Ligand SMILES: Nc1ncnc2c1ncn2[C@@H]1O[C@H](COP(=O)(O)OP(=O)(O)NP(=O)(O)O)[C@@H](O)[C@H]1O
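One chain is shown next in structure tokens, namely the form deposited without the named molecule.
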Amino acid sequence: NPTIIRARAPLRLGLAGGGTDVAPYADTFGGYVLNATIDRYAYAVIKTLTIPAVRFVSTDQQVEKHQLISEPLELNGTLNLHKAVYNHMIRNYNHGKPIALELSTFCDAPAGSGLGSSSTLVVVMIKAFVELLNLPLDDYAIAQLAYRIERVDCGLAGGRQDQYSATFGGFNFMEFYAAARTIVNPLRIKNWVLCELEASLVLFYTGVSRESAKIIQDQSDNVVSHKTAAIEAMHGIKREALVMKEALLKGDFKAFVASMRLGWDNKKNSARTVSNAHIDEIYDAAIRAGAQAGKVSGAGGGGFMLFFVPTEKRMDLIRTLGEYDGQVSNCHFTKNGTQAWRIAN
């Protein structure tokens, strides 16, 4: 009888520091990122098959089907991450002997939403295989493996923060250093601070961003080509991540919003397409309505925005965002990282 396994991993809001985790900056100066997992998930499912075949199904419902062969699967550009995860697991834990299965993914947010879905989907595929094969991989190992698969095996350029949020869960302050060295600091935030933060945050989905790869490229170029003003903006991103971390540990909401404002200026000045006329218009309207600070969650150029608003202006801000193109939602944080369960066998 077939085995059915599912895994999920929470998506994440980038609170501060994003951009300092791009390869040249982190390797040169050290990066800081403060992020927190929310109540939206990426999912993977493994179904063992009774036919000699392997099948891959994606979130946007692309589908590939291959015969069971004893060579690694080619990374031909269709579903490369699915195939690279499968390839690593067969080679390293099944002695190169293929397994007949279907590996499928789905997600509560599309790519370019700014919630780290791309890397979270790699994590959850890994977790589904950890459960299938009973592997002793710890959280650092899962996060590092996800990074290797996406950035090396599949050669996709990007950041370092999303693998860690997806694996560990909760509020984390991450330190990124040269030679793939990362330190995760789980933040033990007081219950009243978490409730006050949730009561003060409004999310707004502005549509899919098509700028992430560009922004990351520009930020990497700032360091390589010595663009002094742009590197200094990045230095500001880094400083304010620490300021925001300490404000949360101290329950200091005045310092939290001051740091988000400074951080948002810095982020916009680090790469040309982080914001635009359309985002700035939403941002200006939110401030007019009573929001104190805000930012694009991910790399920039669209996707989710978050706003900090005092509770007496919250409904006014919700009403105002109603006039603009996008979807309003509340913000609820999750403490758990990636997890798996079984349905058959």
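One-based numbering along the sequence shown.
As for the form solved in complex with the named molecule, it is not shown, yet the points below apply to it.
- Contact with the named molecule in the entry with it bound, defined as a heavy atom within 4.5 Å, holds for exactly one of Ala180, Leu133, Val184, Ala157, namely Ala157.
- Though the named molecule is absent from this view, in the entry with it bound it lies within 4.5 Å of a heavy atom of just one residue from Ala44, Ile38, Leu317, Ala299, which is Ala299.
- Across the proposed site, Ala111, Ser117 and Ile216 without exception bring a heavy atom within 4.5 Å of the named molecule in the entry with it bound.
- In the entry with it bound, the named molecule sits within 4.5 Å of a heavy atom belonging to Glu150.
- Proximity of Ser212 to the named molecule in the entry with it bound falls within the 4.5 Å heavy atom cutoff.
- Between 123-131, 158-166, 223-231, 137-145, the stretch whose residues reach within 4.5 angstroms of the named molecule in the entry with it bound through a non-hydrogen atom is 158-166.
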